[PDB]
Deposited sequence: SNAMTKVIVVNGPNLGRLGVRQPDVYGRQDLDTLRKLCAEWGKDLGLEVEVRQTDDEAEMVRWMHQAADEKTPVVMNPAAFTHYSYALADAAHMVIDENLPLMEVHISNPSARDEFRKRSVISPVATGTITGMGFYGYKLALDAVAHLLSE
């Protein structure tokens, strides 16, 4: 049972997402924890922790649209450990630092990100 962390940036839904992610993870042999923070420094700490603990990461940067140099470095650190780092965006962008990206599938994008993590771990 591989531990995987789903981390969300700024901008209720967390409980709903936790339930869905726990269930999706269980079906994939993953133990999934979901967290959320408005503090980029905390997100950076969580990334460093993931690298230490060897836990794949699913990240929805949300309101962190501008990766600080620190967050970009932390993301590179996770990738450099050969850990999957899946980036999820719930909505599509309008015309008006990751292993792979999933955009526009609502919360189902997290399910696909977990599938991707399980696939990369089985290689």
Coordinate gaps, deposited numbering: 1 to 3, 15 to 28, 114 to 124
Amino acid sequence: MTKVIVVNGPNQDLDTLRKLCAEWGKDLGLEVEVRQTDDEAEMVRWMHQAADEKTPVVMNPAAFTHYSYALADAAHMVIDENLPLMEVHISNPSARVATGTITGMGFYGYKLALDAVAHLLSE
From here on, numbers count along this sequence of modelled residues.
Mean temperature factor over C-alpha atoms, higher-scoring stretch between 78 to 86 and 26 to 34: 26 to 34
61 to 69 set against 44 to 52, stretch whose average Cα temperature factor tops the other in the entry: 61 to 69
For residue 10, the third of its chain into which the C-alpha B factor falls: highest
Residue 121 by Cα B-factor - lowest, middle or highest third of the modelled chain: highest
